[PDB]
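Working notes, structure below.
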Amino acid sequence: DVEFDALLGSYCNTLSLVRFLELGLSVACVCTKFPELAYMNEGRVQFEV
Amino acid sequence: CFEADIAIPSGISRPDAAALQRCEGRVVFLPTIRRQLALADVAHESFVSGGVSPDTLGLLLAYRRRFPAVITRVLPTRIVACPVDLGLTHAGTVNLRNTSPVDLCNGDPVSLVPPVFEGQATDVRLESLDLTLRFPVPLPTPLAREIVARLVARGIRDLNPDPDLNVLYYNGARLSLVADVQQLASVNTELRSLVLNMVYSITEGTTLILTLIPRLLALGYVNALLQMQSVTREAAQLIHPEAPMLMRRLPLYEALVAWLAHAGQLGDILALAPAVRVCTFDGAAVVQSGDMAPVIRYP
Amino acid sequence: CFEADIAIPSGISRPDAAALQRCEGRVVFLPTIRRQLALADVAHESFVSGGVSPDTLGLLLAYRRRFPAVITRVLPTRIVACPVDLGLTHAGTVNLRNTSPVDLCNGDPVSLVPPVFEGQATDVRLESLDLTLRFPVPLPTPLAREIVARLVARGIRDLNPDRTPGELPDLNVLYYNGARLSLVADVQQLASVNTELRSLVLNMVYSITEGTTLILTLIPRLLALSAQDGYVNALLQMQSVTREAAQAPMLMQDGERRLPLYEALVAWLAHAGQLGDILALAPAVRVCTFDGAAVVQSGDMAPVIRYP
Amino acid sequence: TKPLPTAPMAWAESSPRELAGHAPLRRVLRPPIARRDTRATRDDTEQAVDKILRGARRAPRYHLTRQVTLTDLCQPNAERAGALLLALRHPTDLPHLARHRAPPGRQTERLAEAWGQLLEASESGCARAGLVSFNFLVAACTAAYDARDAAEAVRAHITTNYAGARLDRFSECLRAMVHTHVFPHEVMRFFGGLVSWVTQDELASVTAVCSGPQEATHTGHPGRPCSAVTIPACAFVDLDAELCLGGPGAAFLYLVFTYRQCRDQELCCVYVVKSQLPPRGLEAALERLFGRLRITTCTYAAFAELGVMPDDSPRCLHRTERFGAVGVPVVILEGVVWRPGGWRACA
């Protein structure tokens, strides 16, 4: 008796990564990195029309 | 954590090795904290004392004398269990397995003997190496004490019999005590010896004070203060028990010694001091039955 | 480890300093939780209440109050003992030196006792500075609770005072394994025996409830088992009042849904179940040995871990 | 900038056995046995991965418990940096138990109506309501227990921040509970110190310390842009400070519920005691100082030990903090270590 047990392949997917800066939605916002909001309490915007 | 590595014996059947794999997260009592221990030392066949397998009382004795260690990783040819008693308090979170009621975000699980619930259910036998493992049930201290006292009372009624203690409402759904059938006959036969030590220690306690109070305060501040706050309580209970009962300072004092010891030996067995607490985080906060639960070393 | 330092005052004769060298592993009771402390707060001269040295039931009440601390190390000008009542949080297990005829086993909860045996060595007089040190005797709680019961009853029966002739039972002698253990019978003080009697009487009352009468019904049933089982035969001690108590429901059930049995157990278990603890100081430590040595010989160091 | 007495600072301004440990052991080979003869964002990502570096280069004075609850009872925002949160467990027994453990002459239906009524006043789904704050008890029993308006000042705090209904409904529950032998303890165990709430709408995720020292937590002036930190008793009404007579020792902190059993109609007293006595000595001093023993059963108080304040001195009493418009005698406790403890009342 010779009877083997084969593994006939191994597949895996690459999880891809989406940027968000290479999209449409990113026009809808002005994004900025304020690394210090964390130490901040309030923030505001003036708007005189 | 101080892991202690229990050594699986020689070749075991493939279905037995899968029985152990499912035992991760179960509480083991290890007789000594030696780093290298055998499996036979842990197995329930190592609880034999008087030539018999221990009853629920004989178990509760042993659970108070050896060290419970939760099983962390089960490996072929080794079981790694980290003793609950060793290290600093509030550290070494190791996962448990919930059995029965939920185990909410705290409450200090007690590991009480298995027979209190489905008896043989949890025996987990290993035929290849011819041994067996009975894992204690991890119940919260308020509920563990309520139950163990709840069953002793049922036992007393049963002792001589001619409101159901059994139905239990815990959390969301009514818990069930009775498995009906003859399980009760198996449950009641193992609590048989715990019931008696309870019945004895009561009947021996009252009659010993009911004889002592009237055989004391008749020989100062003792007298006045005693009868003062005992009005219609101790004295009333004295006339009523002496009514349906019988009545010696020398045997009194020597029996007051032997009772006082036996009593506190039951308070030690009983009260199921908590081994651990549950303190969760980034967790469900309620551990559903059969789900691993975080747990920490001191209440 | 919140260790409490204890300063050795001035100079205690080279023979006295050699006496403290061997006191490591012994137990001290400090009357506070401190960082700075004086050597004389620990001494037996501090146990002295107004004008009087407490007896051996008075010490138990003094060791009730204050905190047991096991000496870890002794330095030339300080004594380091970490207060088990608090600073027990060590990863591994502070060493307790077994001072007793007894032997610990493994897992035995250890409660302390004033020195109480017929042959004993707990003096440790230090002549340079007037002070002494009685070190408590560690002991398994089963044995330490048998002793306290002996001292309580001996202080009590004497107090009746037994009317009956002048030859009473022993109560001064024990057995642990083999080895007859003879307690010291010496003095009993009113106040020390009162409180011990007061709290004994007080708690045994609260353990009696309505449902208790349902249990007292079972005494004739017990003696039926006295005699047809070998256990239950053993349970009833030969000197059993219960045996003499048999030598009943009373209706009066208040609506039938209370469950007085269950409630009677809980009540008894609290007050009467916990009597070793209230009469004496409860265990805070239990022997544990990592090396797998399963006993501790008398005089050896017992590795000890937190509460049973 | 360097000292004169150098040896004391090399240790102050700042192992080799583990180095020597691997040295004989690990350096040794084949032993044993022997044979004879991208400005800011990029910076942030890199730092997070690195932080995983250092924290993964190594490895206990802190424990955090975290839980999600509603804002009906409790409420993290009203409260502050140092606060006692008590858990509340299993609303399911709307006096189901009231059936048992309730002595005759007791209309055990009181709880079910009192309590179910509480629910009407304030269903099960996304979350449950746990986490009673220390505050919310002080107000609920404020008129009940002994000092009024130092006590009611706390009640003004909760009505204006956390509803007088819920306080009144919850007070009716405390009365109904102390009535039927289901106590406020055997409910409401200690939960922690309230590190950070993170609430949304009616929801709150409350982090709080299981045990360990408080002051070493989020720290800062205050936790987040709130105010400082403290375990302020919140009552000059609570913070019963024992040790009227005392010597230096670590003060201790307990939690006591005092009750009235027809002397005042099921009184609820809740406060904290601070003195150096190890729980086996607190039962004695609780027997004294108390005349609340009115049988008028005998179970007057129930206590658990919260922890240590391993320094006697920080016991500041301040009727000076604002949790909104209201001002409360506030006693500040400087430094605390939490030992959860267990509930002991047998008598």
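Note that each Cβ is placed from the backbone with ideal geometry, even for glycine, and that neighbours are counted across all protein chains shown. Each reported figure results from applying straightforward, stated rules to the coordinates on display, with no laboratory input.
Points to keep in mind about this one:
- The condition (being within 27 Å of D:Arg155 (Cα to Cα) and within 14 Å of another protein chain (Cβ to nearest Cβ)) is satisfied by just one residue among D:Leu84, D:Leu73, D:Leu64, D:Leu88: D:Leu88.
Residue by residue, here is whether (1) in contact with a helix residue (DSSP H, G or I) (Cβ under 8 Å, 6 or more places away or on another chain); (2) acidic (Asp, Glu); (3) closer than 20 Å to B:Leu59 by Cα holds:
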| residue | (1), (2), (3) |
| --- | --- |
| B:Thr93 | no, no, no |
| B:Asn98 | no, no, no |
| B:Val102 | no, no, no |
| B:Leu126 | yes, no, no |
| B:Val137 | yes, no, yes |
| B:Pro161 | no, no, no |
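- Qualifying position, being part of a helix (DSSP H, G or I) and at the interface with chain C (Cβ under 7 Å from one of its Cβ atoms), among B:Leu266, B:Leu219: B:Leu266
- Cβ pairs under 7 Å, 6+ apart, first in region D:266-286 and within 9 Å of chain C (Cβ to nearest Cβ) and within 18 Å of C:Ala280 (Cβ to Cβ), second among the charged types (D, E, K, R) and not in a loop (DSSP other than H, G, I, E, B): D:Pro278/C:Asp85; D:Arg280/C:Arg64
- Where helices (runs of 4 or more DSSP H) fall wholly inside region D:15-129, the ranges with 3 or more residues that are closer than 30 Å to D:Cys173 by Cβ and within 35 Å of the chain's Cα centre (by Cα) are D:109-121.
- Annotation note: of C:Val148, C:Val137, C:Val116, C:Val152, the sole residue that is surrounded by 16 or more Cβ atoms within 10 Å (Cβ to Cβ), under 17 Å from C:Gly25 (Cα atoms) and β-branched (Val, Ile, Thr) is C:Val137.
- A count restricted to region D:305-331 and to residues that are of a type in the set (A, V, I, L, M, F, W, C) and buried (at least 20 other Cβ atoms within 10 Å of the Cβ) stands at 7.
- Of all residues in region B:179-237, those that are among the hydrophobic types (A, V, I, L, M, F, W, C) and surrounded by fewer than 13 Cβ atoms within 10 Å (Cβ to Cβ) total 7.
- Filtered residue count, region B:226-263, keeping only those that are more than 21 Å from C:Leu200 (Cβ to Cβ) and at the interface with another protein chain (Cβ under 7 Å from one of its Cβ atoms): 4
- D:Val209 vs. criteria β-branched (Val, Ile, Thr) and within 11 Å of another protein chain (Cβ to nearest Cβ): yes
- Count of residues meeting criterion [surrounded by fewer than 21 Cβ atoms within 10 Å (Cβ to Cβ) and touching a helix residue (DSSP H, G or I) at 6+ places or on another chain (Cβ under 8 Å)] in region C:238-247: 4
- B:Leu143 surrounded by 16 or more Cβ atoms within 10 Å (Cβ to Cβ), touching a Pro at 6+ places or on another chain (Cβ under 9 Å) and within 14 Å of chain C (Cβ to nearest Cβ): yes
- When restricted to residues that are part of a loop (DSSP other than H, G, I, E, B) and over 20 Å from B:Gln120 (Cα atoms), region B:140-182 contains 9.
- Scanning region C:58-101 for residues that are more than 14 Å from chain B (Cβ to nearest Cβ), over 19 Å from the mean Cα position of the chain (by Cα) and not hydrophobic (A, V, I, L, M, F, W, C), we see that the one that is surrounded by the fewest Cβ atoms within 10 Å (Cβ to Cβ) is C:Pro76.
- Residue within region C:35-56 that is within 14 Å of chain D (Cβ to nearest Cβ) and either under 16 Å from C:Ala302 (Cβ atoms) or in contact with a helix residue (DSSP H, G or I) (Cβ under 6 Å, 6 or more places away or on another chain) (or both) present: no
- With respect to the conditions (1) within 14 Å of chain D (Cβ to nearest Cβ); (2) of a type in the set (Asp, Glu); (3) under 20 Å from the mean Cα position of the chain (by Cα), C:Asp108 lacks only one, and its number is (1).
- Here B:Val286 clears all of (1) exposed (fewer than 14 other Cβ atoms within 10 Å of the Cβ); (2) aliphatic (A, V, I, L, M); (3) more than 10 Å from chain C (Cβ to nearest Cβ) except the condition numbered (1).
- The set of residues in region C:289-308 being crowded, with 20+ Cβ neighbours inside 10 Å and more than 10 Å from every other protein chain (Cβ to nearest Cβ) consists of C:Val296, C:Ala302, C:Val304.
- Criterion applied to C:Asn177, C:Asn172 was being more than 10 Å from chain B (Cβ to nearest Cβ) and either β-branched (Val, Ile, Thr) or in contact with a helix residue (DSSP H, G or I) (Cβ under 8 Å, 6 or more places away or on another chain) (or both), and the one residue passing it is C:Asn172.
- Every listed requirement among (1) within 30 Å of D:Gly327 (Cβ to Cβ); (2) within 14 Å of chain C (Cβ to nearest Cβ); (3) not charged (D, E, K, R) is met by D:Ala250 save one, (1).
- So B:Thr132, is it under 18 Å from B:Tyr63 (Cα atoms), away from chain C (no Cβ under 14 Å), touching a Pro at 6+ places or on another chain (Cβ under 9 Å) and polar (S, T, N, Q): no
- Matching residues, region D:168-189, being touching a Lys or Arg at 6+ places or on another chain (Cβ under 7 Å) and farther than 17 Å from D:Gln261 by Cβ: D:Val187
Okay, residues lined up against (1) within 29 Å of D:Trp338 (Cβ to Cβ); (2) charged (D, E, K, R):
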| residue | (1), (2) |
| --- | --- |
| D:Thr69 | yes, no |
| D:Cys74 | yes, no |
| D:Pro91 | yes, no |
| D:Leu97 | no, no |
| D:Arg101 | no, yes |
| D:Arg110 | no, yes |
| D:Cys126 | no, no |
| D:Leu137 | yes, no |
| D:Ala147 | yes, no |
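- Given (1) surrounded by fewer than 16 Cβ atoms within 10 Å (Cβ to Cβ); (2) over 27 Å from D:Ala143 (Cβ atoms); (3) over 19 Å from the mean Cα position of the chain (by Cα); (4) among the aliphatic types (A, V, I, L, M), index of the condition D:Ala216 fails: (3)
- Residue within region B:195-216 that is within 9 Å of chain C (Cβ to nearest Cβ), of a type in the set (D, E, K, R) and either touching a strand residue (DSSP E or B) at 6+ places or on another chain (Cβ under 9 Å) or more than 19 Å from B:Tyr253 (Cβ to Cβ) (or both) present: no
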